[PDB]
Number of protein chains: 4
Amino acid sequence: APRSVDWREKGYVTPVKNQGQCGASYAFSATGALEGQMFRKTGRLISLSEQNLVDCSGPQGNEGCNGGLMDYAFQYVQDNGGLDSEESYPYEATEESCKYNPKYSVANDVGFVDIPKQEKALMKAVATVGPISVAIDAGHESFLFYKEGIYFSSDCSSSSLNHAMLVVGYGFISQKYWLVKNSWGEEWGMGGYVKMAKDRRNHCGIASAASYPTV
Amino acid sequence: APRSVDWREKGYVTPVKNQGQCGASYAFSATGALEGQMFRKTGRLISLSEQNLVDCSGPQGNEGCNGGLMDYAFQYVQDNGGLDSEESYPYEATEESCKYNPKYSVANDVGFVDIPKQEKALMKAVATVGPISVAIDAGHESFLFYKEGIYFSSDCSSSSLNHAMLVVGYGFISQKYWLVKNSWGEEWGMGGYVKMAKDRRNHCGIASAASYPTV
Amino acid sequence: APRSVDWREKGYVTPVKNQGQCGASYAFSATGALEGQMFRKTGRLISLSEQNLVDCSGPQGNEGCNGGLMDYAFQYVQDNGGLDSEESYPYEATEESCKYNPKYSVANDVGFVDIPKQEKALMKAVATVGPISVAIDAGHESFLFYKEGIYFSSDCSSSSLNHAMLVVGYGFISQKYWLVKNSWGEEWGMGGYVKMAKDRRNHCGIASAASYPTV
Amino acid sequence: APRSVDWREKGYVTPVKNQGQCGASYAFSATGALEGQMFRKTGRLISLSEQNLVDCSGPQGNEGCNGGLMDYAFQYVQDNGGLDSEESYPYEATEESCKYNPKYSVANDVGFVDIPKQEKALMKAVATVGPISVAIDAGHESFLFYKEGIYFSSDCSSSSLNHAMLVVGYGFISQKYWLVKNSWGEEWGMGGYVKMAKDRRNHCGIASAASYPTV
């Protein structure tokens with residue numbers, strides 16, 4: 001297996017987005033994972049609509065700007081038979097009424113897979129599938145002010161997860177890390193990304209809510 | 001497949017326990033699931049120690065009386081090679097130092113299975129495996145005062161789960177429900193149990209965090 | 001959700017006390033709430049020491065007979081690891097040096113919850129938790145001479161609070177009221193209690209500073 | 001985390017205002033906090049109307065020029081669906097009839113968060129959110145005549161608060177302080193600001209009534 005993986009280098013990952021003041025990280029994690037799997041299938045990277053998920057995936061269990069689950073987003077896309085492009089259904093950072101239009105659908109899914117709750121299994125998934133949706137404890141100031149290097153907080157919870165993200169790879173330093181895409185804009189962290197401690201007892205719960213869509 | 005299932009009738013379920021003021025429902029859900037699977041293997045129902053999990057499963061990610069995940073409890077039992085009986089390691093409803101004694105272990109596990117996030121899948125699991133660990137949104141006054149009949153709240157979340165429980169069966173009235181064991185003592189609800197609305201859009205998130213141990 | 005609640009009927013509430021000419025209602029409100037939550041936990045109602053709080057909770061922010069906050073009292077008990085019984089540390093209605101003795105501690109707390117500033121939220125807490133610490137505008141002659149019925153003053157402030165009390169329930173007339181324990185002796189009001197107007201625009205600020213301890 | 005924070009440097013803070021002889025510091029504190037969070041969302045700093053709050057937030061519990069709570073002000077903006085600009089609804093320093101015009105609304109809020117009563121929690125909120133509404137004991141001559149340096153008064157109360165303000169940052173001297181915006185004009189204190197002793201047992205109650213709006 002590769003010692004280093006970075007799906008950004010292969011065209012699987014859209015630029016970093018910004019959820020603003022709307023608590024819809026689940027939507028950004030879901031579009032990120034779908035973007036990767038759609039690229040794997042078609043060879044075209046097309047940015048997908050988080051607003052479509054915020055406005056429309058309530059029946060599947062999501063709650064607009066008050067949270068949700070990536071798997072519920074994947075289920076919505078399955079149930080709905082599609083998901084609009086970011087371009088066609090841009091992000092407003094507030095819960096609005098569903099305005100899905102099937103003419104502008106550019107993605108689908110048939111199901112989704114939940115990865116077992118081990119960093120060994122997450123690593124396999126990242127190496128062999130593409131970018132993987134995850135949730136972590138992002139509540140600590142140390143995370144909020146993360147700038148560079150490998151993030152480790154002694155106070156990070158693995159049980160109380162509170163923020164969805166997208167693992168786009170992993171590597172090691174000249175000591176291992178996950179390469180993780182956030183949704184707080186390109187200015188936060190390392191161009192919008194964070195290297196999180198890997199194989200240090202499931203630090204911040206990185207491996208505990210991991211999944212991906214099948215397309 | 002059976003239209004009605006109640007694992008209490010087969011000897012799989014210990015009497016209702018009471019977690020008191022300690023937020024360790026994850027531990028009660030986990031012992032309940034292990035109690036069922038140990039019975040399935042050995043033909044002996046033995047009550048298991050929640051305190052053992054509260055005190056000892058921090059390395060696996062649990063947080064004493066401040067929450068945890070059933071799967072982390074199952075992982076602890078696997079890593080540890082056992083779990084003490086309730087009788088040997090009684091419940092104190094506060095986080096204490098680990099006092100595990102291997103002499104008094106009466107349970108083990110080899111791993112655990114996470115069930116896909118569908119009520120169809122949960123029903124199959126309940127019918128074919130035994131009692132199943134779940135988490136729900138229990139944070140509504142209506143749930144706290146539930147007495148009888150099939151519980152349904154219009155305000156129940158499927159995304160924000162906050163209370164671990166144990167599904168011990170399902171059925172229908174003369175209209176379907178899950179039969180769910182709580183850990184708030186035998187006085188609450190129907191002898192400590194609640195019938196929760198089944199096949200009504202994954203009500204309260206009943207199917208969203210379901211799993212069981214393999215023994 | 002019950003239409004009438006009275007925690008006195010369930011053993012949660014000690015007899016009415018009398019703060020005398022010492023301005024320590026915060027201490028009586030705090031011991032009242034802790035008495036309730038300790039009973040919920042242990043099934044034993046034991047009167048707690050206001051003098052302990054008046055003499056010892058200065059570091060947490062209280063000011064003896066010149067005022068304080070219930071939350072500061074809860075914080076003191078948490079920091080201190082205990083609170084003496086009323087019997088061991090009797091009330092003297094004047095500030096003196098701290099004489100806490102851990103041998104005579106009969107209570108503890110792990111933290112405290114501040115309730116949102118709405119009568120809806122307060123009602124839920126009274127129904128589901130136990131007696132709740134509150135502060136009101138009690139600075140009107142009509143309140144001093146309250147004898148019976150539902151108290152309502154057209155000049156009552158919802159913002160400027162000046163007297164701490166304990167909500168021990170709520171009800172309605174054959175019209176709604178909060179049942180509130182004062183600390184002015186059993187001769188004042190209805191055996192030391194007042195029925196205060198409920199769901200009349202947060203009358204006298206009863207929902208504006210409500211909290212309870214976790215034990 | 002940053003050792004020094006000053007939100008004035010980032011555009012979150014309007015110039016110092018002057019409440020004059022109207023007891024509406026709650027309104028100035030609330031507009032300050034909303035000004036910051038609206039900037040955080042939109043990138044535009046627009047001065048908001050205190051007079052709008054003085055005249056119109058009575059139903060939520062405020063008392064015009066005789067006091068109120070910032071949370072009641074936030075609740076009004078939520079209930080009302082907006083708040084007028086300072087330019088459109090200028091400050092008169094007396095209680096008048098509500099003249100809200102929705103055409104001139106420039107702000108909204110979805111809710112508000114009450115911060116735990118600890119300086120640790122306040123610091124985190126200032127670092128990670130923006131300017132925070134607070135109330136302090138300002139009723140001492142030493143405060144009225146504060147000119148420069150770190151304010152510490154031996155007789156300050158942490159319990160009896162009597163003046164709302166806005167924490168816009170914190171720092172340390174070559175010894176820690178909160179940077180606090182007042183509403184007594186730019187000639188008072190340090191250009192209308194005071195450095196208040198930080199991490200000295202919640203001096204003057206600065207962490208006791210802290211909150212901010214979500215927009």
# chains A, B, ... in the order shown; residues from 1 in each chain; ligands from 1
>>> interface_residues(of="chain D", to="chain A", cutoff="8 Å", atoms="only C-alpha atoms", output="NGL selection string")
:D and (1 or 41 or 124 or 128 or 215)
>>> residues_around(residues="residue D:69", least_positions_apart="4", cutoff="7 Å", atoms="only C-alpha atoms", output="number ranges by chain")
C: 159; D: 26, 62, 73
>>> residues_around(residues="residue C:158", least_positions_apart="5", cutoff="8 Å", atoms="only C-alpha atoms", output="PyMOL selection string")
(chain C and resi 136-137+202-206+208) or (chain D and resi 61-62)
>>> write_last_selection(atoms="N, CA, C and O atoms", output="mmCIF file, in the first residue's frame")
data_model
loop_
_atom_site.group_PDB
_atom_site.id
_atom_site.type_symbol
_atom_site.label_atom_id
_atom_site.label_comp_id
_atom_site.auth_asym_id
_atom_site.auth_seq_id
_atom_site.Cartn_x
_atom_site.Cartn_y
_atom_site.Cartn_z
ATOM 1 N N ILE C 136 -36.227 36.794 41.068
ATOM 2 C CA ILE C 136 -37.352 37.608 40.630
ATOM 3 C C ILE C 136 -37.216 39.030 41.115
ATOM 4 O O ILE C 136 -36.353 39.332 41.920
ATOM 5 N N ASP C 137 -38.079 39.890 40.592
ATOM 6 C CA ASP C 137 -38.298 41.216 41.153
ATOM 7 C C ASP C 137 -39.304 41.060 42.284
ATOM 8 O O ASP C 137 -40.498 40.867 42.037
ATOM 9 N N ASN C 202 -43.364 36.377 31.310
ATOM 10 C CA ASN C 202 -42.227 36.208 32.205
ATOM 11 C C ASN C 202 -42.348 37.183 33.358
ATOM 12 O O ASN C 202 -41.465 38.007 33.612
ATOM 13 N N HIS C 203 -43.471 37.076 34.049
ATOM 14 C CA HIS C 203 -43.825 38.031 35.074
ATOM 15 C C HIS C 203 -42.822 38.042 36.240
ATOM 16 O O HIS C 203 -42.504 36.996 36.810
ATOM 17 N N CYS C 204 -42.333 39.235 36.577
ATOM 18 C CA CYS C 204 -41.318 39.434 37.624
ATOM 19 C C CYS C 204 -39.968 38.776 37.321
ATOM 20 O O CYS C 204 -39.125 38.658 38.212
ATOM 21 N N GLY C 205 -39.756 38.376 36.070
ATOM 22 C CA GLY C 205 -38.473 37.823 35.648
ATOM 23 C C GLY C 205 -38.180 36.413 36.131
ATOM 24 O O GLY C 205 -37.025 35.990 36.145
ATOM 25 N N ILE C 206 -39.223 35.674 36.483
ATOM 26 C CA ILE C 206 -39.073 34.329 37.053
ATOM 27 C C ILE C 206 -38.248 33.363 36.179
ATOM 28 O O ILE C 206 -37.579 32.477 36.704
ATOM 29 N N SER C 208 -35.802 34.461 34.066
ATOM 30 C CA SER C 208 -34.635 35.230 33.595
ATOM 31 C C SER C 208 -33.281 34.786 34.163
ATOM 32 O O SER C 208 -32.237 35.138 33.611
ATOM 33 N N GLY D 61 -38.983 41.870 27.531
ATOM 34 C CA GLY D 61 -38.662 42.058 28.942
ATOM 35 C C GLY D 61 -37.844 43.285 29.291
ATOM 36 O O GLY D 61 -37.553 43.509 30.461
ATOM 37 N N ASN D 62 -37.455 44.083 28.297
ATOM 38 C CA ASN D 62 -36.648 45.272 28.562
ATOM 39 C C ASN D 62 -37.497 46.455 29.013
ATOM 40 O O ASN D 62 -38.717 46.463 28.818
#
>>> residues_around(residues="residue D:49", least_positions_apart="2", cutoff="8 Å", atoms="only C-alpha atoms", output="list in words")
residues 31, 47, 51, 52, 53, 83, 84, 85, 86, 87, 88, 89, 90 and 91 of chain D
>>> select_by_dssp(residues="chain D", states="alpha helix (DSSP H)", output="ChimeraX atom specification")
/D:25-42,50-56,70-80,119-128,141-144
>>> residues_around(residues="residue B:81", least_positions_apart="6", cutoff="12 Å", atoms="only C-alpha atoms", output="list in words")
residues 74, 75, 100, 101, 102, 103, 104, 105, 106, 107, 108, 109, 110, 111 and 215 of chain B
>>> residues_around(residues="residue D:59", least_positions_apart="4", cutoff="9 Å", atoms="only C-alpha atoms", output="VMD selection string")
(chain C and resid 201) or (chain D and resid 72 76)
>>> select_by_dssp(residues="stretch 6-206 of chain C", states="strand (DSSP E or B)", output="PyMOL selection string")
chain C and resi 6+18+48+83-85+105-107+111-114+132-136+150-151+163-172+176-181+184+190+193-197
>>> atom_distance(atom1="atom CA of residue B:121", atom2="atom CA of residue A:55")
27.0 Å
>>> closest_residue(among="C:169, C:197, C:163, C:185", to="residue C:29", atoms="only C-alpha atoms")
C:163
>>> atom_distance(atom1="atom CA of residue C:186", atom2="atom CA of residue C:174")
25.9 Å
